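Q: So here's model_23.cif, just mmCIF, N, CA and C atoms:
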data_start
#
loop_
_atom_site.group_PDB
_atom_site.id
_atom_site.type_symbol
_atom_site.label_atom_id
_atom_site.label_comp_id
_atom_site.auth_asym_id
_atom_site.auth_seq_id
_atom_site.Cartn_x
_atom_site.Cartn_y
_atom_site.Cartn_z
ATOM 1 N N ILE O 1 114.306 91.962 80.273
ATOM 2 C CA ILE O 1 113.765 93.193 79.715
ATOM 3 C C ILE O 1 114.810 94.298 79.777
ATOM 4 N N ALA O 2 115.693 94.255 80.773
ATOM 5 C CA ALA O 2 116.735 95.266 80.901
ATOM 6 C C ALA O 2 117.827 95.154 79.842
ATOM 7 N N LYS O 3 117.834 94.104 79.027
ATOM 8 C CA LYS O 3 118.773 93.994 77.920
ATOM 9 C C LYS O 3 118.208 94.503 76.603
ATOM 10 N N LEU O 4 116.989 95.022 76.595
ATOM 11 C CA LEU O 4 116.347 95.443 75.360
ATOM 12 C C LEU O 4 116.889 96.794 74.915
ATOM 13 N N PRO O 5 116.597 97.204 73.675
ATOM 14 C CA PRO O 5 116.840 98.595 73.279
ATOM 15 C C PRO O 5 116.146 99.595 74.187
ATOM 16 N N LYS O 6 116.805 100.730 74.376
ATOM 17 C CA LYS O 6 116.365 101.713 75.354
ATOM 18 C C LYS O 6 115.104 102.422 74.882
ATOM 19 N N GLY O 7 114.141 102.556 75.788
ATOM 20 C CA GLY O 7 112.848 103.113 75.466
ATOM 21 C C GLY O 7 111.725 102.104 75.437
ATOM 22 N N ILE O 8 112.029 100.826 75.626
ATOM 23 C CA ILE O 8 111.038 99.760 75.631
ATOM 24 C C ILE O 8 110.717 99.442 77.082
ATOM 25 N N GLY O 9 109.528 99.834 77.529
ATOM 26 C CA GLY O 9 109.071 99.528 78.866
ATOM 27 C C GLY O 9 108.375 98.185 78.925
ATOM 28 N N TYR O 10 107.740 97.933 80.066
ATOM 29 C CA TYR O 10 106.983 96.710 80.287
ATOM 30 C C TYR O 10 106.054 96.934 81.462
ATOM 31 N N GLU O 11 105.100 96.019 81.613
ATOM 32 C CA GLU O 11 104.182 96.020 82.739
ATOM 33 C C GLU O 11 103.674 94.604 82.952
ATOM 34 N N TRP O 12 103.142 94.360 84.140
ATOM 35 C CA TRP O 12 102.479 93.109 84.454
ATOM 36 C C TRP O 12 100.977 93.338 84.491
ATOM 37 N N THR O 13 100.225 92.340 84.044
ATOM 38 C CA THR O 13 98.777 92.434 84.016
ATOM 39 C C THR O 13 98.180 91.088 84.373
ATOM 40 N N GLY O 14 96.925 91.121 84.790
ATOM 41 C CA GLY O 14 96.211 89.880 85.020
ATOM 42 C C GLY O 14 96.593 89.270 86.345
ATOM 43 N N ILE O 15 96.893 87.970 86.316
ATOM 44 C CA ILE O 15 97.240 87.243 87.526
ATOM 45 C C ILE O 15 98.596 87.674 88.066
ATOM 46 N N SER O 16 99.480 88.177 87.208
ATOM 47 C CA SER O 16 100.833 88.493 87.635
ATOM 48 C C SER O 16 100.893 89.797 88.409
ATOM 49 N N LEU O 17 100.102 90.790 88.000
ATOM 50 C CA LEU O 17 100.056 92.054 88.722
ATOM 51 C C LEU O 17 99.479 91.875 90.117
ATOM 52 N N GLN O 18 98.505 90.983 90.266
ATOM 53 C CA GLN O 18 97.973 90.678 91.583
ATOM 54 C C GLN O 18 98.894 89.773 92.385
ATOM 55 N N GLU O 19 99.872 89.143 91.747
ATOM 56 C CA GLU O 19 100.866 88.371 92.474
ATOM 57 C C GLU O 19 102.004 89.231 92.988
ATOM 58 N N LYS O 20 102.504 90.156 92.170
ATOM 59 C CA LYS O 20 103.557 91.064 92.609
ATOM 60 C C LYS O 20 103.057 91.997 93.702
ATOM 61 N N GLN O 21 101.792 92.412 93.618
ATOM 62 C CA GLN O 21 101.192 93.233 94.659
ATOM 63 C C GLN O 21 101.035 92.476 95.970
ATOM 64 N N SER O 22 100.837 91.159 95.914
ATOM 65 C CA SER O 22 100.715 90.367 97.132
ATOM 66 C C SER O 22 102.040 90.151 97.842
ATOM 67 N N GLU O 23 103.168 90.336 97.163
ATOM 68 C CA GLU O 23 104.458 90.075 97.780
ATOM 69 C C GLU O 23 105.052 91.294 98.450
ATOM 70 N N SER O 24 104.569 92.487 98.123
ATOM 71 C CA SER O 24 105.096 93.691 98.736
ATOM 72 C C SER O 24 104.468 93.978 100.086
ATOM 73 N N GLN O 25 103.366 93.317 100.419
ATOM 74 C CA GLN O 25 102.611 93.634 101.617
ATOM 75 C C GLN O 25 102.837 92.667 102.766
ATOM 76 N N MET O 26 103.614 91.595 102.581
ATOM 77 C CA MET O 26 103.667 90.557 103.609
ATOM 78 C C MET O 26 104.450 91.033 104.826
ATOM 79 N N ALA O 27 105.553 91.747 104.596
ATOM 80 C CA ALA O 27 106.372 92.241 105.697
ATOM 81 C C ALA O 27 105.662 93.321 106.496
ATOM 82 N N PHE O 28 104.713 94.023 105.883
ATOM 83 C CA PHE O 28 103.924 94.984 106.639
ATOM 84 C C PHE O 28 102.792 94.305 107.394
ATOM 85 N N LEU O 29 102.141 93.318 106.776
ATOM 86 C CA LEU O 29 101.039 92.644 107.450
ATOM 87 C C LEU O 29 101.531 91.708 108.539
ATOM 88 N N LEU O 30 102.749 91.183 108.412
ATOM 89 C CA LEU O 30 103.337 90.441 109.520
ATOM 90 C C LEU O 30 103.938 91.354 110.575
ATOM 91 N N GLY O 31 104.185 92.613 110.243
ATOM 92 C CA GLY O 31 104.652 93.561 111.228
ATOM 93 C C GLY O 31 103.539 94.014 112.144
ATOM 94 N N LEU O 32 102.404 94.400 111.558
ATOM 95 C CA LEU O 32 101.266 94.847 112.353
ATOM 96 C C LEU O 32 100.685 93.715 113.179
ATOM 97 N N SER O 33 100.651 92.506 112.620
ATOM 98 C CA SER O 33 100.007 91.398 113.310
ATOM 99 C C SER O 33 100.829 90.923 114.495
ATOM 100 N N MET O 34 102.121 91.250 114.525
ATOM 101 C CA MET O 34 102.920 91.023 115.718
ATOM 102 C C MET O 34 102.961 92.241 116.627
ATOM 103 N N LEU O 35 102.761 93.442 116.082
ATOM 104 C CA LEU O 35 102.785 94.639 116.913
ATOM 105 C C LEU O 35 101.488 94.800 117.692
ATOM 106 N N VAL O 36 100.375 94.332 117.132
ATOM 107 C CA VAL O 36 99.084 94.488 117.795
ATOM 108 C C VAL O 36 98.999 93.589 119.022
ATOM 109 N N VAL O 37 99.506 92.357 118.917
ATOM 110 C CA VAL O 37 99.372 91.413 120.023
ATOM 111 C C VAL O 37 100.329 91.776 121.147
ATOM 112 N N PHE O 38 101.477 92.360 120.805
ATOM 113 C CA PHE O 38 102.388 92.856 121.825
ATOM 114 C C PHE O 38 101.783 94.020 122.585
ATOM 115 N N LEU O 39 100.985 94.842 121.905
ATOM 116 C CA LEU O 39 100.319 95.952 122.570
ATOM 117 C C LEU O 39 99.181 95.467 123.458
ATOM 118 N N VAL O 40 98.373 94.527 122.970
ATOM 119 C CA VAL O 40 97.203 94.107 123.728
ATOM 120 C C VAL O 40 97.586 93.181 124.874
ATOM 121 N N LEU O 41 98.788 92.608 124.856
ATOM 122 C CA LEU O 41 99.209 91.794 125.988
ATOM 123 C C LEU O 41 99.738 92.646 127.130
ATOM 124 N N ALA O 42 100.312 93.809 126.825
ATOM 125 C CA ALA O 42 100.674 94.755 127.872
ATOM 126 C C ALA O 42 99.453 95.343 128.554
ATOM 127 N N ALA O 43 98.306 95.341 127.881
ATOM 128 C CA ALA O 43 97.079 95.836 128.481
ATOM 129 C C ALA O 43 96.441 94.829 129.423
ATOM 130 N N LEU O 44 96.913 93.584 129.437
ATOM 131 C CA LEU O 44 96.339 92.578 130.314
ATOM 132 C C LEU O 44 97.295 92.068 131.382
ATOM 133 N N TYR O 45 98.608 92.133 131.173
ATOM 134 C CA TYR O 45 99.562 91.570 132.127
ATOM 135 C C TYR O 45 100.415 92.648 132.772
ATOM 136 N N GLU O 46 99.877 93.874 132.790
ATOM 137 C CA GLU O 46 100.370 95.075 133.474
ATOM 138 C C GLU O 46 101.868 95.347 133.353
ATOM 139 N N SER O 47 102.533 94.877 132.301
ATOM 140 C CA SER O 47 103.973 95.083 132.207
ATOM 141 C C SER O 47 104.412 95.018 130.754
ATOM 142 N N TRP O 48 105.701 95.291 130.537
ATOM 143 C CA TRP O 48 106.327 95.129 129.236
ATOM 144 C C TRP O 48 107.148 93.859 129.121
ATOM 145 N N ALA O 49 107.651 93.330 130.235
ATOM 146 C CA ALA O 49 108.524 92.166 130.190
ATOM 147 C C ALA O 49 107.769 90.891 129.864
ATOM 148 N N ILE O 50 106.576 90.727 130.420
ATOM 149 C CA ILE O 50 105.737 89.559 130.169
ATOM 150 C C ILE O 50 105.292 89.475 128.705
ATOM 151 N N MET E 1 84.249 105.281 139.226
ATOM 152 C CA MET E 1 85.421 106.027 139.664
ATOM 153 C C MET E 1 86.445 106.138 138.545
ATOM 154 N N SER E 2 87.439 107.005 138.743
ATOM 155 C CA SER E 2 88.484 107.218 137.750
ATOM 156 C C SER E 2 89.874 106.985 138.331
ATOM 157 N N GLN E 3 89.968 106.279 139.458
ATOM 158 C CA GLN E 3 91.246 105.896 140.039
ATOM 159 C C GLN E 3 91.807 104.618 139.428
ATOM 160 N N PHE E 4 91.283 104.198 138.277
ATOM 161 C CA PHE E 4 91.713 102.954 137.657
ATOM 162 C C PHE E 4 93.088 103.084 137.024
ATOM 163 N N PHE E 5 93.407 104.250 136.468
ATOM 164 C CA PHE E 5 94.616 104.425 135.682
ATOM 165 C C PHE E 5 95.752 105.053 136.475
ATOM 166 N N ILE E 6 95.727 104.942 137.796
ATOM 167 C CA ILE E 6 96.869 105.305 138.624
ATOM 168 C C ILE E 6 97.693 104.079 138.981
ATOM 169 N N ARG E 7 97.039 103.009 139.424
ATOM 170 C CA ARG E 7 97.754 101.778 139.717
ATOM 171 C C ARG E 7 98.060 100.953 138.477
ATOM 172 N N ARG E 8 97.525 101.317 137.311
ATOM 173 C CA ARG E 8 97.756 100.584 136.067
ATOM 174 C C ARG E 8 98.258 101.532 134.982
ATOM 175 N N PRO E 9 99.527 101.952 135.047
ATOM 176 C CA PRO E 9 100.018 102.929 134.067
ATOM 177 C C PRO E 9 100.257 102.355 132.690
ATOM 178 N N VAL E 10 100.502 101.050 132.578
ATOM 179 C CA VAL E 10 100.855 100.465 131.289
ATOM 180 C C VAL E 10 99.629 100.365 130.398
ATOM 181 N N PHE E 11 98.462 100.123 130.997
ATOM 182 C CA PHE E 11 97.200 100.181 130.274
ATOM 183 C C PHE E 11 96.922 101.579 129.736
ATOM 184 N N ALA E 12 97.433 102.615 130.396
ATOM 185 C CA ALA E 12 97.257 103.962 129.876
ATOM 186 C C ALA E 12 98.146 104.208 128.667
ATOM 187 N N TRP E 13 99.338 103.614 128.645
ATOM 188 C CA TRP E 13 100.284 103.946 127.587
ATOM 189 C C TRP E 13 99.922 103.290 126.262
ATOM 190 N N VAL E 14 99.234 102.148 126.286
ATOM 191 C CA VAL E 14 98.962 101.463 125.024
ATOM 192 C C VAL E 14 97.820 102.132 124.278
ATOM 193 N N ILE E 15 96.865 102.726 124.997
ATOM 194 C CA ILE E 15 95.829 103.506 124.333
ATOM 195 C C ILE E 15 96.432 104.756 123.710
ATOM 196 N N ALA E 16 97.435 105.344 124.357
ATOM 197 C CA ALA E 16 98.142 106.471 123.763
ATOM 198 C C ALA E 16 99.017 106.044 122.594
ATOM 199 N N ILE E 17 99.495 104.802 122.598
ATOM 200 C CA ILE E 17 100.342 104.335 121.508
ATOM 201 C C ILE E 17 99.490 103.912 120.316
ATOM 202 N N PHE E 18 98.289 103.378 120.579
ATOM 203 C CA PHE E 18 97.398 102.909 119.518
ATOM 204 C C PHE E 18 96.962 104.038 118.594
ATOM 205 N N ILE E 19 96.571 105.182 119.156
ATOM 206 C CA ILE E 19 96.103 106.278 118.313
ATOM 207 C C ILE E 19 97.239 107.099 117.731
ATOM 208 N N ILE E 20 98.456 106.959 118.250
ATOM 209 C CA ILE E 20 99.617 107.498 117.549
ATOM 210 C C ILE E 20 99.869 106.702 116.276
ATOM 211 N N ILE E 21 99.776 105.374 116.374
ATOM 212 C CA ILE E 21 100.076 104.500 115.244
ATOM 213 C C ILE E 21 99.002 104.620 114.173
ATOM 214 N N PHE E 22 97.731 104.575 114.578
ATOM 215 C CA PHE E 22 96.638 104.671 113.615
ATOM 216 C C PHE E 22 96.565 106.049 112.975
ATOM 217 N N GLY E 23 96.970 107.090 113.703
ATOM 218 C CA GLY E 23 96.989 108.417 113.117
ATOM 219 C C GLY E 23 98.122 108.596 112.128
ATOM 220 N N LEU E 24 99.295 108.042 112.439
ATOM 221 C CA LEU E 24 100.444 108.162 111.553
ATOM 222 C C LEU E 24 100.305 107.317 110.299
ATOM 223 N N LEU E 25 99.454 106.298 110.319
ATOM 224 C CA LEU E 25 99.159 105.516 109.130
ATOM 225 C C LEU E 25 98.089 106.151 108.255
ATOM 226 N N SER E 26 97.616 107.348 108.598
ATOM 227 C CA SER E 26 96.526 107.991 107.888
ATOM 228 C C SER E 26 96.879 109.355 107.315
ATOM 229 N N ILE E 27 97.925 110.007 107.812
ATOM 230 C CA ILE E 27 98.378 111.288 107.270
ATOM 231 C C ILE E 27 98.886 111.140 105.832
ATOM 232 N N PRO E 28 99.596 110.070 105.426
ATOM 233 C CA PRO E 28 99.777 109.861 103.980
ATOM 234 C C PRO E 28 98.502 109.515 103.235
ATOM 235 N N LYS E 29 97.467 109.040 103.915
ATOM 236 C CA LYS E 29 96.237 108.631 103.254
ATOM 237 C C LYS E 29 95.232 109.763 103.093
ATOM 238 N N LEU E 30 95.602 110.996 103.432
ATOM 239 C CA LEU E 30 94.581 112.028 103.340
ATOM 240 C C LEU E 30 94.865 112.976 102.182
ATOM 241 N N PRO E 31 93.833 113.363 101.435
ATOM 242 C CA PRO E 31 94.035 114.313 100.338
ATOM 243 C C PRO E 31 94.284 115.718 100.856
ATOM 244 N N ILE E 32 95.214 116.412 100.213
ATOM 245 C CA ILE E 32 95.564 117.783 100.562
ATOM 246 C C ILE E 32 94.912 118.714 99.550
ATOM 247 N N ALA E 33 94.059 119.611 100.033
ATOM 248 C CA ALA E 33 93.362 120.568 99.194
ATOM 249 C C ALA E 33 93.424 121.927 99.869
ATOM 250 N N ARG E 34 92.935 122.954 99.182
ATOM 251 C CA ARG E 34 92.833 124.267 99.800
ATOM 252 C C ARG E 34 91.478 124.513 100.433
ATOM 253 N N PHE E 35 90.420 123.946 99.876
ATOM 254 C CA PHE E 35 89.076 124.052 100.407
ATOM 255 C C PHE E 35 88.387 122.727 100.131
ATOM 256 N N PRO E 36 87.370 122.373 100.904
ATOM 257 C CA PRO E 36 86.532 121.237 100.508
ATOM 258 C C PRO E 36 85.585 121.618 99.382
ATOM 259 N N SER E 37 84.669 120.723 99.021
ATOM 260 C CA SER E 37 83.671 121.038 98.000
ATOM 261 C C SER E 37 82.579 121.914 98.615
ATOM 262 N N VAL E 38 82.935 123.171 98.854
ATOM 263 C CA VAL E 38 81.987 124.125 99.403
ATOM 264 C C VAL E 38 81.094 124.691 98.313
ATOM 265 N N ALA E 39 81.579 124.759 97.119
ATOM 266 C CA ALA E 39 80.799 125.312 96.037
ATOM 267 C C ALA E 39 79.801 124.280 95.524
ATOM 268 N N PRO E 40 78.616 124.715 95.109
ATOM 269 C CA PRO E 40 77.617 123.791 94.599
ATOM 270 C C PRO E 40 78.029 123.204 93.263
ATOM 271 N N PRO E 41 77.716 121.937 93.018
ATOM 272 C CA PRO E 41 78.160 121.280 91.786
ATOM 273 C C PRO E 41 77.374 121.725 90.568
ATOM 274 N N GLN E 42 78.094 121.870 89.461
ATOM 275 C CA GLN E 42 77.524 122.288 88.192
ATOM 276 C C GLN E 42 77.634 121.161 87.180
ATOM 277 N N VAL E 43 76.641 121.067 86.298
ATOM 278 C CA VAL E 43 76.627 120.087 85.219
ATOM 279 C C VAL E 43 76.303 120.823 83.930
ATOM 280 N N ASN E 44 77.275 120.909 83.030
ATOM 281 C CA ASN E 44 77.134 121.687 81.809
ATOM 282 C C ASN E 44 76.582 120.829 80.682
ATOM 283 N N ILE E 45 75.579 121.346 79.985
ATOM 284 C CA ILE E 45 74.978 120.684 78.835
ATOM 285 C C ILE E 45 75.230 121.569 77.629
ATOM 286 N N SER E 46 76.114 121.135 76.741
ATOM 287 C CA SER E 46 76.554 121.950 75.620
ATOM 288 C C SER E 46 76.040 121.360 74.317
ATOM 289 N N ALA E 47 75.324 122.169 73.547
ATOM 290 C CA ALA E 47 74.795 121.776 72.252
ATOM 291 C C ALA E 47 75.517 122.546 71.159
ATOM 292 N N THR E 48 75.234 122.185 69.911
ATOM 293 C CA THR E 48 75.889 122.802 68.767
ATOM 294 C C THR E 48 74.929 122.803 67.591
ATOM 295 N N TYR E 49 74.734 123.971 66.987
ATOM 296 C CA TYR E 49 73.869 124.124 65.821
ATOM 297 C C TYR E 49 74.574 125.130 64.928
ATOM 298 N N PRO E 50 75.539 124.677 64.128
ATOM 299 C CA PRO E 50 76.584 125.580 63.628
ATOM 300 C C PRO E 50 76.090 126.557 62.577
#
Please lay out the structure from this file as structure tokens.
A:
Amino acid sequence: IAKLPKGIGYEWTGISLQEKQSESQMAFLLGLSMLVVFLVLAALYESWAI
Amino acid sequence: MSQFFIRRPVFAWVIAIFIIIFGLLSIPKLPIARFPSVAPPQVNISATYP
């Protein structure tokens, strides 16, 4: 699409827009899901090293 | 009693860290306005008989 004449945009729709949206969130959802368990384990084993 | 959080300081810090994180994930999520909807809502019915 970047080789087209200038002024021609594009968009994704349907199954593809819901696929591109699913790929931008994985690094955030894997970040929180590892940050939450690290927090809740410090609440049970009284330390940061464990 | 309330002597629980003297011998267990790490349990105190994660509750303080949890609401820092959840609060900072919500300041971009809040609408910025000058006033709430304090004024009563109006519904205009416009006719035409030229």
Q: As lines of an AutoDock Vina configuration file, please report the centre and edge lengths, rounded to one decimal in Å, of the axis-aligned box that holds all listed atoms of region 23-39 of chain E with 3 Å of padding on each of the six sides.
A:
center_x = 90.1
center_y = 115.4
center_z = 104.6
size_x = 26.6
size_y = 25.8
size_z = 24.2
Q: Could you write out as a ChimeraX atom specification the residues of chain E within 6.5 Å of chain O, counting only N, CA and C atoms?
A: /E:10-11,14
Q: So how far away is CA of residue 27 (chain E) from CA of residue 21 (chain O), in Å?
A: 22.2 Å
Q: At a cut-off of 12 Å, using only C-alpha atoms, what residues contact residue 11 (chain O)? Leave out same-chain residues fewer than 5 positions from it and give the result as a list in words.
A: residues 1, 16, 17 and 20 of chain O
Q: Suppose you want the space between CA of residue 15 (chain O) and CA of residue 3 (chain O); what is it in Å?
A: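 CA of residue 3 (chain O) lies at a distance of 24.5 Å from CA of residue 15 (chain O).
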Q: For CA of residue 27 (chain O) and CA of residue 26 (chain E), quote the distance in Å rounded to one decimal.
A: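 Taking CA of residue 27 (chain O) as the start and CA of residue 26 (chain E) as the end point, the length is 18.7 Å.
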